[PDB]
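**Student:** Sharing a structure below in structure tokens format, with a few things to ask.
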Amino acid sequence: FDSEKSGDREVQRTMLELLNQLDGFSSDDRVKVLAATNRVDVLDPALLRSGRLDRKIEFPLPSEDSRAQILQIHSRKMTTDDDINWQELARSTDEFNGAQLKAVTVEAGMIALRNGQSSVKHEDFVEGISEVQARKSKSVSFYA
Amino acid sequence: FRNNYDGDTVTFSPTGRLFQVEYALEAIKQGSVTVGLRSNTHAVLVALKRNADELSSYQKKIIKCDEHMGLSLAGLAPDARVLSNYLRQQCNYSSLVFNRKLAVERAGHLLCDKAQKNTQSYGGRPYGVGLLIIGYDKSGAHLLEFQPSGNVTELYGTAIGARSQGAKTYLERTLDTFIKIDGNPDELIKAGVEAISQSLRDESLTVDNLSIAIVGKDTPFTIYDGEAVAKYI
Amino acid sequence: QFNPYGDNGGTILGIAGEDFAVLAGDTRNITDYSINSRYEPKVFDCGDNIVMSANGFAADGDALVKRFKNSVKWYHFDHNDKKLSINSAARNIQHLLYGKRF
Amino acid sequence: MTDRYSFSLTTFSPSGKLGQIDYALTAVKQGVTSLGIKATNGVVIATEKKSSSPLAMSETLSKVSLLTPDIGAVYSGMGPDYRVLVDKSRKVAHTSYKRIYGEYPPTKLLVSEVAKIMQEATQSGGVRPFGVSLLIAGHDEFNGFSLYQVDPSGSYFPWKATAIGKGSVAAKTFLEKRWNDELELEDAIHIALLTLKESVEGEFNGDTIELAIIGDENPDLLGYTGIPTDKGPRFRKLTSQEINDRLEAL
Amino acid sequence: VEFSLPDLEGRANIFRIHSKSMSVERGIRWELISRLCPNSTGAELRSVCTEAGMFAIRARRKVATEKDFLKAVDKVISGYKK
Amino acid sequence: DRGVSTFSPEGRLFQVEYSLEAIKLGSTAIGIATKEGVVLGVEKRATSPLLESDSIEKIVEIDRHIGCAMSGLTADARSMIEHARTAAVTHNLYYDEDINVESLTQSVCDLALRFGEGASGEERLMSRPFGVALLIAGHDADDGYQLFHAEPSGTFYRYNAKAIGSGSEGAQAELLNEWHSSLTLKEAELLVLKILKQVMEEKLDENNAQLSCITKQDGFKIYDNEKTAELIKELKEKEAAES
Amino acid sequence: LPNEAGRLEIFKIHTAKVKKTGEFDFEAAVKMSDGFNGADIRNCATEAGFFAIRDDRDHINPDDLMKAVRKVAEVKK
Amino acid sequence: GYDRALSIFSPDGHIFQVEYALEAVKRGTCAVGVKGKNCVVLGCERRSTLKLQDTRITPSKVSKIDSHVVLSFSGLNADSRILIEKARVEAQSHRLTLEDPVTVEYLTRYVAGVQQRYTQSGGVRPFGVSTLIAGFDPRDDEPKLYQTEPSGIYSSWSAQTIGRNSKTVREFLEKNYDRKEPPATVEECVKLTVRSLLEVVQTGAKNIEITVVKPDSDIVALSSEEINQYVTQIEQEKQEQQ
Amino acid sequence: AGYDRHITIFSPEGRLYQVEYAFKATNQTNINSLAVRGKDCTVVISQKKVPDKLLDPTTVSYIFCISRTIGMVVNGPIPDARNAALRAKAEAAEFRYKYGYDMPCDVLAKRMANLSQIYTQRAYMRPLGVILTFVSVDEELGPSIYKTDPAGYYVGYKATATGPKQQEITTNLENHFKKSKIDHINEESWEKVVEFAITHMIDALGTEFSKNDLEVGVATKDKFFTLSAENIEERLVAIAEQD
Amino acid sequence: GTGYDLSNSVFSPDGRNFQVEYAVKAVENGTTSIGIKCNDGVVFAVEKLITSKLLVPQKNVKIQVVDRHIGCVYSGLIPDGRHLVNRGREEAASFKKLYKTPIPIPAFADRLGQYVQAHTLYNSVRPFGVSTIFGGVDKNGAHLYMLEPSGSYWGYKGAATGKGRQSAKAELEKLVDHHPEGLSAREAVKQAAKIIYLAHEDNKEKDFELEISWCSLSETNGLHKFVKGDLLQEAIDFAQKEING
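Quick note, the sequences are listed as chains M, F, 6, B, H, E, L, D, A and G, same order.
Take the first sequence: its letters are residues 291 to 434, numbered as in the entry's author numbering.
Take the second sequence: its letters are residues 2 to 234, numbered as in the entry's author numbering.
Take the third sequence: its letters are residues -9 to -1, 1 to 93, numbered as in the entry's author numbering.
Take the fourth sequence: its letters are residues 1 to 250, numbered as in the entry's author numbering.
Take the fifth sequence: its letters are residues 375 to 456, numbered as in the entry's author numbering.
Take the sixth sequence: its letters are residues 9 to 251, numbered as in the entry's author numbering.
Take the seventh sequence: its letters are residues 351 to 427, numbered as in the entry's author numbering.
Take the eighth sequence: its letters are residues 3 to 244, numbered as in the entry's author numbering.
Take the ninth sequence: its letters are residues 10 to 252, numbered as in the entry's author numbering.
Take the tenth sequence: its letters are residues 4 to 248, numbered as in the entry's author numbering.
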């Protein structure tokens, strides 16, 4: 909103046109526009109007039911010993996201790789969680 | 940025509360697993004691505040002591002034206020320690959860420390059964040990890690310490 | 004007023996010719094999005792339930007594 | 909880200057043209009256305050800083001298007392320093009539005429030339209107000049019409009509 | 993956490993060299073996000695400070 | 400057972490508690002809039953000693008896919490925490011979043996193997000398080492220069005959 | 910022082209805003309409309209 | 409130403020003390470059702490007054209360203690001074020499040197002293002290101030005349060892 | 120090950022005020609106009665307005005991100004945002209007306005007073005084306002009263009785 | 802009400090609580969230008493709300002693107001992030008040705050209109319960447990008492009758 908005012209113009064009044709639903980012950035007003990008949709984090479904999708793809309880593992992981439950499956397999197993037991997954997934990992029990 | 709102304890941030406060809630999980459970006539506290070495001797995770009261800590030690002295002081005065033992509820609400004051003070800090405080007053058996930002909840059962969610699943099932056993100490106690070993998944249980404390209608603050916890597994 | 200090009578007797000791006291409590109590324990167990009686004036007894009861409690907390010695308790009282003389 | 601020807010910069004093001075340069003259047969001080509004009283407004009975002060700078400062100066002047030595403080002694207030405030934190400069024009019966400057830091120096505010230097040139001592008070009033007409253009009146003199007595300024016991005030502020009369007097 | 701060047993192994290739004259225990580090990074360790060799070359030597290794620890850590 | 109430995402304070950094730079202090005594030994270090090396020692007596050896900054250990003497003296007057080593560590640790800007919980008068850790050794008639490690953070643990200092990583490892539950005072002191020799880059003399002991017929007793040297004399010959 | 008068006119205009059960009280709707210009008002219209696709209809109640203006207000300014 | 921080940790386990205190001492003048087994000698610089100083009211470097005890320093004079004052009071406090003349060890503990406080305690910074404290204990004929830093640490030393080119003066001294045979006679121990301090003052024989302390309050400051004589001699010695 | 708007200290320019921002956006809270002087009354009209039907508008207050005779009109927000009210009230009461006399507008204005100035220099407080117009019919000066503003500046008025229809109000009164050769109108009854006020108000802000959209405070000799809702409509209808 | 996000000891150009904005936000991030003024009284009701069966009923009620006749309920964060009240209590005990009369609801608004406002003149004290709805009956009529975290407060006819603020004002505004102010105190419990039901529709991730209390000069006699038993039970039924689902 500063006087560096001068330099950043090319970006004001691409956006403006795409919006001007959507409201131009707002009654007809043919084209959808979706923009994606980690987090909301400074922009020109456009969240105030049906024909622009009206809707502002939040992603929260998963919960126990959600982690467990995500684990059942994971467990089709790869072998398991068919004993693994998503609900129980889900209690054992705190503040995990979907991508991170997928990295536990990889680490569970890295235990398995060392062990000489081709499947994973419950233990194999528990140990996988202990190792890094790089954004959050439940393993805390240190303090004397 | 992180570094912008972190430096002193006097700022709110768009999140609704300060970053530092969340880091105090996080520390509790680092420290020792302690489960809390009650029926309606007695209330039981089970705690895992950890040390650092073979040639180290245990640090006590139960600190007895009265002959009808005690608490468990989980998290930062130095604050857990500064708090247990305050609770001692609060208790005694009640007895000296009002002839009163000090209710769990009554204590919780005084402790909360102390916690707001140390989170508006800029040099001051969150304590960084959560506590499970148990008692039997003339309000009945009690378990309270104290958090170091002033959050106080009365519960049937709960856990703080290593995989709290872990123990909580166990307790929530076996709940309806054990809590209607009212007048048998031993059962509720036995459910406590059965629970705590299933929260564990990168530790194991043993006799001299475990320590149990019970308070109730006919049990004055008594610890089973070392050997004597074997007969509750 | 005012001095609350008087007397309330009563009698206590302590005997050290071979392995044992007694603190015998009557249970009558007076103020002049009126009966305050006809039973009121005038020997009281403070704990730790220590029994104690402050005969004389009641008003000071009650005070002396309350200061001391909280010391028995604080000695235990601060030193992990290590029981209070008769000699140590006697020193602790000395300091209490000496703490008011104004 | 509560303040903890005790770190000085006035600090040295790489050159040997003091940031806060430098800032404060910019305000003073931009403030209202004020001057002071010692006529030798008196002292006349003039300052700009201003109005906020035509529907606003300027009786309440304070551009000339009597610090002690024989002494007036005027300023360029920051109005709010001036008002509080006048107050602490009045208080100490009354408590510590007016039945201790049995009279007002001498002018030089009062300039030092102001100087101290400003310096306390510059040394110590919790508060920023005063942003003001004063011209303290006076009479004391043990030093005659005097003119001093009081700086923002509390540095002071003696003067026999000066001006501070906007457009100072040229105002001093006209004053330097017209007055060179031994001059009637009346005449110094005339010279003062002339210096300020050349200094302020756009609209000029004696209803936008507020003029005070220390340089008269009435029985009314002994404060009684009986038998003298003491001399009393010599401060007298003129009304607007009297000033227009001196504007008519060539 | 860590490449931050290793252990005493660990510092010893990395010292032992760079000095194999070198000739040396006897009286070296790696443990002693390791002892003088209150905290290191892998960069610092590489600097102790190579610096220890330099004191020897100035005196004109092919061998490395217990004295040299100590001398190289003292220099490197102290410069790292601040 | 640096926050005094600002924690890591884990929840471990900066100031605590920084406390741990000064400790690691002192000379080793090693304690073994046995069934006849507590041995505390230090490396004093430095030998120079322009130095009086037998006028400085790192084993200071608190009381007629309590010592401490330190490791880390030595200037800091003076404030810790001044607080500790006052607290022990006042308790001996009130109840006529020995103060507990655990009890002492808690009283001291309470005043280790002040640093920085004040609180409304506490009046914080200092600027940093203490940069020394201590092994406090004693005797009490109600737990016998004991050995304690006080960290300046707040934590204090009872031990049967513990080493602190720069060279603690090795030292501790040796302590365990040498440690058993029929260990005595006389053996323990000889063993201390073994450990100290091993880790030195010098010859062990009593102008770079000092021993001390606790017996309950004499309280805390400094093993003097004359005796410590006689023990060193006996070591060198016996070791140098196993080769 | 609009008037109370500006909001009313624009609510009435937007719901005129729209199909509805029931006469609508635009006057409540205006209270339920505080300074919505025509674009903000349109988001409220469609919002009501969303519960009507769900209620399997091309009409909307008064009842929908009160809820709708408030949910849009809360999700921004 | 100004009890808040003003001295903070280093990440290296030093303290920033103590590292910076030692630098002021180095830039500074040089003070030295060398021991016999009959005396303790203290040399102190007075390198007056300019000739417009009047030197009977130009500050000295020698203070009485007590009648049998001296303190010398290298560092800011301003800070050193504040320490010097607290140390005189402490000698008189003991004297009053214990009915006993002062012992050197306790005084050293005291000097150490104020400096130690000001690093630990908030809204104060340590002094800009390192000191040497020496003297004799009562009824005692053996020399005592202590060194204290503004870190607050303390040690005994057979000899020690401080301030500018401390390295150079230690290194020299090390070749001319043994603890097994230290000097018995005042003349030769003084000769050595004047010779070390010549080598760093540059030109100096009135710019060097010697004060020799013998047991229990025999404290005597040798003069220019005497010093010029030892420097002559040193110029004869250096062509007997050529 | 810090900075010039993270704590209150001079700007680069010798200005104070905090006082100028205190002038601006504290009158844009849907408030506009005027005060005019009667013959034997003082009239204030001030806007005062309620945006809910569920907000009881009686408690809604922005003309306060400081004493039984003194009124204070606040332009600016209720958190600030009550810090100034508490001070005003206290000052009024204190004055009454100590000096034995009712509190003049001018004395209250002057005292509050100097106090705000001190809070302006402080580095741990703000100047209040509020603009305070103090009204009564003094027996020591007649009808009076004295206004303080937030910088520690204050000055007396004979008629004043605030909010950005200041120019409109002023010009209508100025032309009027230049013609009649008086700055006070002459009429006894309060009723006719409020009608004079409205005439200049309606023209100047270019609108008329409802009963619950106005709040009118009248100063009389030894009373200050606010007009009930019906009473404020009575007046608006009474000019329209003429039409 | 800046400095006003960390401090309160200086004044924003917006007239509204960024730190103050963040304080309001945490209020909307709590639970729903409401307050109903009626033709003789006030009735207070709150939604208490049920998460697990490890929580115990009526010991984690968010209704806290001050004095005898003031019931105080809040939205936002728990610790802020309790400390704010504990201060109310202390002023209330002081009041009662000194003036020998109970503390007013208007007085108490001021007491709270001045503690909040004090922390919004200082950067060295951090203010409260709760909105507290309170009221009662006193010597000078019935009062409902709402305290917001700026240190803004007024008396209202009706109030809501929290997550469910909007839905609650809608359902309340219809019922108050229909009635003169909210009819009888009896009626008001039934009305209240309908309001909580509509307000629940913004939660739907937790079940709730209904808790009401009242202060009434015609059916309690000027005391604050809980509404439980028969009266609560008819109220659950009334809500579930008209509001379906």
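The beta-carbon is built from N, C-alpha and C at its ideal position, and this holds for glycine as well.
Would the region 122 to 130 of chain D count as touching the region 22 to 31 of chain D if we require 3 or more Cβ pairs under 8 Å?
**Tutor:** Yes, the region 122 to 130 of chain D is in contact with the region 22 to 31 of chain D.
**Student:** In chain E, which residues lie with their C-beta within 9 Å of the C-beta of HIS67 (chain 6)?
**Tutor:** Along the third sequence, one-based indexing puts residue 67 (chain 6) at 76. Within 9 Å Cβ-Cβ: nothing; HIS67 (chain 6) doesn't reach chain E, min ~12 Å.
**Student:** Who does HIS139 (chain B) pair with in a DSSP beta bridge?
**Tutor:** Counted from its first residue, the fourth sequence places residue 139 (chain B) at position 139. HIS139 (chain B) is bridged to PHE145 (chain B).
**Student:** Relative to chain H, which residues along the region 3 to 29 of chain D have a C-beta separation below 7 Å, given in chain order?
**Tutor:** For the region 3 to 29 of chain D, which is checked against every Cβ of chain H, the residues closer than 7 Å are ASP14.
**Student:** Does the beta carbon of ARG403 (chain H) sit closer than 7 Å to a beta carbon anywhere in chain E?
**Tutor:** Position 29 of the fifth sequence, counted from the first residue, corresponds to residue 403 (chain H). Output row for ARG403 (chain H): interface = no.
**Student:** What runs of the beta strand (DSSP E), each 3 residues or longer, lie entirely inside the region 187 to 244 of chain D?
**Tutor:** Within the region 187 to 244 of chain D, the complete beta strand (DSSP E) runs of at least 3 residues are 210 to 216, 220 to 224.
**Student:** How is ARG181 (chain D) classed by DSSP in three states: helix, strand or coil?
**Tutor:** On the eighth sequence, position 179 is the one that residue 181 (chain D) refers to. The answer is coil: DSSP assigns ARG181 (chain D) none of H, G, I, E or B.
**Student:** Determine the chain E residues that contact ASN83 (chain 6) at a beta-carbon separation under 8 Å, and present them in chain order.
**Tutor:** Translated into the one-based positions of the third sequence, residue 83 (chain 6) becomes position 92. Chain E residues near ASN83 (chain 6): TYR102, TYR103.
**Student:** With burial defined as no fewer than 16 other Cβ atoms inside 10 Å of the residue's Cβ, what is the status of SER6 (chain B): buried or exposed?
**Tutor:** For the purposes of this step, residue 6 (chain B) is taken as residue 6 along the fourth sequence, with counting starting at 1. Looking at its Cβ environment, which holds fewer than 16 other Cβ atoms inside 10 Å, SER6 (chain B) is exposed.
**Student:** Starting from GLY116 (chain G), find everything on chain A with Cβ-Cβ shorter than 9 Å and list it in chain order.
**Tutor:** Position 113 of the tenth sequence, counted from the first residue, corresponds to residue 116 (chain G). Within chain A, the residues near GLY116 (chain G) are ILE87, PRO88, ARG91.
**Student:** What's the C-alpha gap between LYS43 (chain E) and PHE164 (chain E)?
**Tutor:** Translated into the one-based positions of the sixth sequence, residue 43 (chain E) becomes position 35. Translated into the one-based positions of the sixth sequence, residue 164 (chain E) becomes position 156. Distance between the alpha carbons of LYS43 (chain E) and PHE164 (chain E): 22 Å.
**Student:** Can you give me the start and stop residues for the alpha helix (DSSP H) that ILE189 (chain B) sits inside?
**Tutor:** If you number the fourth sequence from 1, residue 189 (chain B) lands on position 189. Segment 185 to 199, the alpha helix (DSSP H) holding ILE189 (chain B).
**Student:** Any idea which residues DSSP pairs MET134 (chain E) with across the strands?
**Tutor:** By 1-based counting over the sixth sequence, the position of residue 134 (chain E) is 126. DSSP, once it has assigned bridges, lists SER123 (chain D) as partnering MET134 (chain E).
**Student:** If you pair each beta-carbon of the region 77 to 89 of chain A with each one of the region 149 to 159 of chain G, do three or more pairs fall below 8 Å?
**Tutor:** In short, these stretches touch, since the Cβ pair count reaches three.
**Student:** Whose C-beta lies closer than 6 Å to the C-beta of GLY167 (chain F) among residues of the same chain, with five residues either side of it excluded?
**Tutor:** The sequence position of residue 167 (chain F) within the second sequence is 166, counting from 1. These residues qualify, in order along the chain: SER200.
**Student:** Would you mind reading off the limits of the alpha helix (DSSP H) that contains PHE12 (chain B)?
**Tutor:** The count along the fourth sequence starts at 1 and reaches residue 12 (chain B) at position 12. Segment: none, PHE12 (chain B) is in no alpha helix (DSSP H) and carries neither H nor E.
**Student:** Should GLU424 (chain L) be flagged as near chain G, meaning a C-beta pair shorter than 7 Å?
**Tutor:** Sequence index remark: in the seventh sequence, residue 424 (chain L) carries index 74 (1-based). Interface residue, yes.
**Student:** Thinking C-alpha only, which one of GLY399 (chain L), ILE391 (chain L), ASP406 (chain L) is nearest residue 440 (chain L)?
**Tutor:** Missing from the structure shown is residue 440 (chain L); chain L here goes from 351 to 427 and no further.
**Student:** Could you tell me the boundaries of the alpha helix (DSSP H) in which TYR59 (chain F) lies?
**Tutor:** Numbered from 1 along the second sequence, position 58 holds the residue referred to as residue 59 (chain F). From DSSP, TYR59 (chain F) is part of no alpha helix (DSSP H); its letter is neither H nor E.
**Student:** Which chain E residues sit within Cβ distance under 7 Å of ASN78 (chain 6)?
**Tutor:** The sequence position of residue 78 (chain 6) within the third sequence is 87, counting from 1. By Cβ distance, chain E contributes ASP104.
**Student:** Quick one: grab the DSSP three-state call for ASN126 (chain G).
**Tutor:** Here residue 126 (chain G) refers to the residue found at position 123 when the tenth sequence is read from its first residue. Looking at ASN126 (chain G) - three-state DSSP - the assignment turns out to be coil, as it is neither helix nor strand.
**Student:** For a contact defined as C-beta to C-beta under 7 Å, what are the partners of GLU125 (chain E) on chain F?
**Tutor:** The residue labelled residue 125 (chain E) in the question sits at position 117 within the sixth sequence. Near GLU125 (chain E) (Cβ distances below 7 Å), the residues of chain F are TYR123, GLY124.
**Student:** Mark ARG86 (chain E) as exposed unless 16 or more other C-beta atoms lie within 10 angstroms of its C-beta, in which case mark it buried.
**Tutor:** For the purposes of this step, residue 86 (chain E) is identified with residue 78 of the sixth sequence, where counting begins at 1. The residue in question, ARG86 (chain E), is buried, as its Cβ has 16 or more Cβ neighbours within 10 Å.
**Student:** For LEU150 (chain A) and chain G, any beta-carbon pair shorter than 7 Å?
**Tutor:** By one-based count along the ninth sequence, residue 150 (chain A) stands at place 141. Not one chain G Cβ lies under 7 Å of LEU150 (chain A).
**Student:** Beta carbons nearer than 7 Å to chain 6: which residues of the region 144 to 155 of chain E have them?
**Tutor:** Taking 7 Å as the Cβ-Cβ cut-off against chain 6, the residues of the region 144 to 155 of chain E that qualify are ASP150.
**Student:** Which residues in the same chain as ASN230 (chain D) place their Cβ atom closer than 6 Å to its Cβ, once the five residues preceding and following it in sequence are excluded?
**Tutor:** The residue labelled residue 230 (chain D) in the question sits at position 228 within the eighth sequence. These residues qualify, in order along the chain: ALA207.
**Student:** Determine, for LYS160 (chain G), whether the minimum Cβ-Cβ distance to residues of chain A falls below 7 Å.
**Tutor:** As a position in the tenth sequence, residue 160 (chain G) is number 157, starting the count at 1. Yes, because at least one Cβ of chain A sits closer than 7 Å to the Cβ of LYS160 (chain G).
**Student:** Counting only beta-carbon separations shorter than 7 Å, does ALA173 (chain G) have a partner in chain L?
**Tutor:** Position 170 of the tenth sequence, counting from 1, holds the residue named residue 173 (chain G). So yes, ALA173 (chain G) belongs to the interface.
**Student:** Which of the three DSSP states, helix, strand or coil, is assigned to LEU142 (chain E)?
**Tutor:** Sequence index remark: in the sixth sequence, residue 142 (chain E) carries index 134 (1-based). Residue state, collapsed to three classes: strand.
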